[PDB]
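Enquirer: An experimental structure, sequence included, is below.
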Amino acid sequence: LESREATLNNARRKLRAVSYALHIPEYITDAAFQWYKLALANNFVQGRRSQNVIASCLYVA
Amino acid sequence: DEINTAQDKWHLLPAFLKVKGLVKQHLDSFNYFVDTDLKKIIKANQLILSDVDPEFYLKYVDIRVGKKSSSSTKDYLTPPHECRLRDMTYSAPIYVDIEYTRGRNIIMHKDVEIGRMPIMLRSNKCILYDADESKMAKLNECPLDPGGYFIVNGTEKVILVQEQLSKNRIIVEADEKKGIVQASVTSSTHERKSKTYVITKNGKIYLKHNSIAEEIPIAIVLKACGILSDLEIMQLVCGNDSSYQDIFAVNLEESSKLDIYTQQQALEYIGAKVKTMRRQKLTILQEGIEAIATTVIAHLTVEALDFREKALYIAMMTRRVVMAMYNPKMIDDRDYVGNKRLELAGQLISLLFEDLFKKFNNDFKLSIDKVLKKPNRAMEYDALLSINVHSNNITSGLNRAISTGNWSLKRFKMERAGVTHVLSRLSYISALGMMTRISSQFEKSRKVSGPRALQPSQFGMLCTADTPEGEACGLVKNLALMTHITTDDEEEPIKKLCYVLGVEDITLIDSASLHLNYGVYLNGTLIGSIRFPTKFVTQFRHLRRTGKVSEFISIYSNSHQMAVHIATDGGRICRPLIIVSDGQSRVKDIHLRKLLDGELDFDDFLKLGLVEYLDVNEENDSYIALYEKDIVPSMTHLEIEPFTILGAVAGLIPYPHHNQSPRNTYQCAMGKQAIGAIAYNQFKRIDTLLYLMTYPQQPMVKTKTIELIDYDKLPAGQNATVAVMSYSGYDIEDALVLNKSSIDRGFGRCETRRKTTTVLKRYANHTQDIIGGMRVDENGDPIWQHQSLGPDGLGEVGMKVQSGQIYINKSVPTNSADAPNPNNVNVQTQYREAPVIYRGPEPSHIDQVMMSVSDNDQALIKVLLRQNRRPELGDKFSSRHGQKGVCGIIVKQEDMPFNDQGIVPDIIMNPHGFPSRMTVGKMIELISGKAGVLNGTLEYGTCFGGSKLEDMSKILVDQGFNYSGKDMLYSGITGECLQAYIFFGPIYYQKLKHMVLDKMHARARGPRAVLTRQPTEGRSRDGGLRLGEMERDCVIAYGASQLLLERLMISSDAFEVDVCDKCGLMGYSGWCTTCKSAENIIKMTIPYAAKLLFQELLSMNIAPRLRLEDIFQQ
Amino acid sequence: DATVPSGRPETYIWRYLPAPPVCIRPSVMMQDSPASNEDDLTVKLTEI
Amino acid sequence: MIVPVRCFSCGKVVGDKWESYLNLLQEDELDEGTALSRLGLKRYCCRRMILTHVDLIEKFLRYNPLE
Amino acid sequence: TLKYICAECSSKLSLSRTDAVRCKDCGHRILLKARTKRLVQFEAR
Ligand SMILES: [Zn+2]
Ligand SMILES: [Zn+2]
């Protein structure tokens, strides 16, 4: 959906946001994007807070 | 050495360049930006505030670039040569201190990092500042490097020196058929980009502006400023007893038609015809909106209550436009040099900085009020925990603007591009000649030869004989040898200073006295209405030379109009010359001796009162002398040194004043293409495509210019023994002839070094790139492609490569974009090969290879290939006096002639150039060279002087040769004497670029374009040349009609199309697909570029129906 | 003129529009990404 | 770099004379024109091989990677 | 062997593969491949 595209393009900003803070090079940030991509599809993103579901996401990468 | 002030005024010109260099413009502009202007930006965007939580604030108190305040060390910083091998940005951190309200208490914190500032070399913030070639030996940088350029992400770039028309002044124009217009552009630093026009429609003056929808006659708008008595207006514009009153006589009645006649009605006439601001204030007055319409106009001057000086400033603007119609000679051109403001780099990067710095914090205030609208997170919340999220928006904004030289601003909305350029490292001076060059504005005056030509107001202002040709023919210009750029100081206290000198005030004078007297102009604006200016102006020079007022002020004083000018705007051209009071100068040779003692530098000459700066406008009033043997008792401002009129890339011509002037620009365009040394660290740097000469030599006839830039310390080109003559017919017009032996002894064996790079890249599925190599066969490692690939996959150092023969083996995972399955089930065989094959027609060597990391954790592979070559025929040589020349053949030594001693000349050129090219300089340099060798002394060839001829002929006639070098020598092919005499000596032949081993290419049958099936333009894309439209006309003028099709569709664009007879258009392999019959189909062949036209024109509603006949049965 | 089937003046404004082949508007693969820079014709025809 | 071993034109060797040209200037402060003519450079094609020769190999060797 | 050498540390070392990119004895991260022992051939003209 376009709303599905609009919420990831919103989230594309936010995982890139903390990568600037922690001096994260880009190949972690793009690699963690797929982990958020599947966890959105696997109905994990609903209910939890937005900043909590991305901070837990990129630590795995 | 009895020193005198006659010929030793030269010996302070090094004393200028020593303390005050040649990269004055880029050092002093950027270093002023670092100290002063950075405080001036945060004081303009202090005190960020939010509407929610109104008791919250954060304030910027100060700004420091470089060190911290705790450690108070210099810094710990990356070396620049270490930075340029890792493709990093040579930067320095930005540190501020901030005070804010955490909560119950307010709290001030120090040393907050925001971003990294890329800073130029040899500035006071870099570690190269004031080194002693021992730290710089440890930092392996060249001491002879000028500096003044950035090292953003690898490649080294430099910002050029821009210029535009003189902002914040008035300029007059003359147009034939659409009437005549006057323009005045103004731009203060707050939202202002406004230009004002004075149009003369059908004999009636009008004023149009880009905020007013209509044109307004001037008799309203000065009555709107309070001046309404309407006999003032005739007396201001015209004066008295002239033809101007009859010229103005039509303009007055437009006030009478609308019947305003008063100051009250004169405002709202304008504001009833303005379409601006869209009612931003919901409480309009409709009478107050013309006071601000009188405020956003003519932004030179502002007002408080009287509207006095802005009124007459329109009238002084209007006096020019009436005088324009009285005679068209009074209009001045916009290519006079005084109408040009040379605008530098450091005062231009500041315009991008404050635009981008306010884009930082307004995005930062959106990152706090999202939190401040929370009930639970409203007490313990801190702001600068999230300062780092916007930190990477000032680094990648600056590093993009410098890498891609197009600066997108918001407050002005203007999109100039190409403001930065890669500096060319072909020669030493090529990297120095690009430091002093000017890129213009290209104001779309392509029809007018005005800006293309050269104006006489340029002598010593900037260089004259170095300007490119071709497309860029006259819009690129170059600075002089002695040149300083002014800077503004202040206009406020000098306005207080002239009132001490006995000048009147603007709000007191009558209309009568101002045209009778003269008037001071402050930056184009009258303030004082001075009388008898000669007592006023000459005391002010005595105030300036004593040094109470700053020295960069000009007292340009014309006499066509009745006015004098005061200029303090800064950023305009000037050069210094020494003051002469009367028929005796202020030379004082004992001061010139006290300079050479070492305590009297060049700055003290202007402090004591013995030198002063003159712009282009002060050189109106001056009467510059040439020589001390040319002093008159009516003569001021002796000129310091007459050969300082040539640029540093033009200065290497020996004795130019004998040589022709069009043969100077041909050399100055080639001098940047001369091969020689580069730098001391040239065996350490890894640059893209970098040539060297093996055996360089300093030239025989030097110049005073080239010893100031230390060209002799690392020269370009070598001096060989020329015998100018015709020989074997292989040199007809300016070809060259040389011997096989001297190349075999090593005559200029150049050497080509070339970079190539690749990046190991990490994917999203956590896969790297591996360097597996040397697959083996039949008991041996090396395949024909693998004799120089080494154990680790990196090509082995010290051995050659040929076509094929992979030198770096790069293997890529085949799952380049597949999704990460969180498992490890089958990952063992996925690396497909993607190597880089060494192409090229000649065997080259591997010099060395290094590997390192970038700014992110990501590996690099950079090998520098190496090859040298011998100067075989085809290679373009030069002569340093503007003679292009290509090697015709290569003779042996037996065929060459020889003198009585048996000296064999090196290069042959025919005598048939010197009458046409009028190059007298080579005819006298060869005399100046030969006598110096036998005396063992190097001779100076300067402009406007140097060593003479008659003292030089005395030297070699004592050695026993001919008295003007015109020797005689036997023939090598037959033995006997030659009937004429020869001309002989050593001349300095420097090799150029454009060698022929990397220009020969041929495309027999190769790749085709995907859209046109045509050969691919570009030699690196395998070529295939364009038989253009102009050659297609020349074929049919022969009347040949059979190769015309063969060269345009057979060998190029043959394509076979089946077309149907009825309903004629094409179909695929065997069909018609609009009458599906597969029957009436005829096979022919057409151009593919005509076939796709029968699809592209068929895409819109036009149907090219074809109609067919047979050839036979006429 | 008449006597052609296409002689009506009805056919001089767009009611149907054809799509050209992809050979004249080929998908240029610039190899700056795993995705293609898709050309101007298709990205105008898409929102039509 | 280093001095060319032969002359460009005639081709007698000058490789033993660069150090002797320097040694004839530290001691025995002398004119450069009479110095090498004493050494035996009669041909002026040979004389320009040492006058013009800037010796950059001293300035290059201070950038050695071996410390 | 005579593997990778550093720029200014100039210390001969043999890096084991896919492990590090820095050198020992210094934190400097630019290192050169040394010249091989293998014979190479040239001419003299
Ligand atoms: Zn048909
Ligand atoms: Zn080390």
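Expert: Cool, the structure landed. Numbering: from 1, shown residues only, chains lettered A, B, ... in the order given. Ligands and ions are numbered 1, 2, ... in the order given.
Enquirer: What segments of the stretch 751-900 of chain B are strands?
Expert: With DSSP state E, counting those that start in this stretch as the criterion, the stretch 751-900 of chain B has strands at B:800-801, B:804-808, B:811-813, B:831-833, B:836-838, B:844-853, B:859-868, B:876-877, B:885-891.
Enquirer: List of residues touching the third one?
Expert: Spelled out, it's strand B:811-813. B:763, B:765, B:767, B:769, B:770, B:771, B:772, B:830, B:831, B:832, B:833, B:834 (C-beta atoms under 8 Å, 6 or more residues apart in numbering or on different chains). For every residue, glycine as well, the C-beta is placed using N, CA and C.
Enquirer: same check, this time on the fifth one
Expert: Under the criterion C-beta under 8 Å, 6+ apart, residues B:756, B:758, B:801-808, B:810, B:844, B:865 lie in contact with strand B:836-838.
Enquirer: Put together CSV for those, with distance to ligand 1 on each row.
Expert: What follows is these, written out as CSV (distance: C-beta to the ion, whole Å):
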residue, distance to ligand 1
B:756, 55
B:758, 54
B:801, 58
B:802, 56
B:803, 51
B:804, 52
B:805, 56
B:806, 54
B:807, 57
B:808, 57
B:810, 53
B:844, 59
B:865, 59
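Enquirer: So which of those residues is surrounded by the most neighbours?
Expert: residue B:807 (25 neighbours; other C-beta atoms under 10 Å in any protein chain shown).
Enquirer: That one - nearest residue in space that isn't next to it in sequence?
Expert: In this structure, residue B:807 finds its nearest non-sequential neighbour in residue B:795, 3.5 Å apart by C-beta to C-beta, 6 or more residues apart in numbering or on different chains.
Enquirer: tell me the contacts of that neighbour?
Expert: By C-beta under 8 Å, 6+ apart, the neighbours of residue B:795 are B:788, B:789, B:801, B:806, B:807, B:808, B:846, B:849, B:863.
Enquirer: Most widely separated two among those residues?
Expert: Pairwise distances across these peak at 13.6 Å for B:806 and B:849 (criterion: C-beta to C-beta).
Enquirer: Enumerate the residues of chain B near ligand 1.
Expert: Counting by C-beta under 5 Å from the ion, the residues of chain B close to ligand 1 are B:1060, B:1062, B:1063, B:1064.
Enquirer: how about these in TSV, adding distance to chain E and secondary structure?
Expert: Listed next are these as TSV, based on distance: C-beta to the nearest C-beta, whole Å; DSSP: H, G, I helix; E, B strand; the rest coil:
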residue	distance to chain E	secondary structure
B:1060	64	strand
B:1062	70	coil
B:1063	67	coil
B:1064	66	coil
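Enquirer: Need the residues that contact stretch B:220-235.
Expert: Contacts for stretch B:220-235 (C-beta under 8 Å, 6+ apart): B:207, B:219, B:245, B:248, B:252, B:254-255, B:258, B:260-263, B:266-267, B:269-270, B:290, B:294, B:306-308, B:310-312, B:314-315, B:511-512, B:515.
Enquirer: Give me the distance between the two termini of that stretch.
Expert: 16 Å (C-alpha to C-alpha, to the nearest Å).
Enquirer: repeat for stretch A:41-49
Expert: This stretch, stretch A:41-49, spans 16 Å end to end (C-alpha to C-alpha).
Enquirer: Sort out which residues of it are buried, please.
Expert: Using 16 or more other C-beta atoms under 10 Å in any protein chain shown as the test for burial, stretch A:41-49 gives residue A:45.
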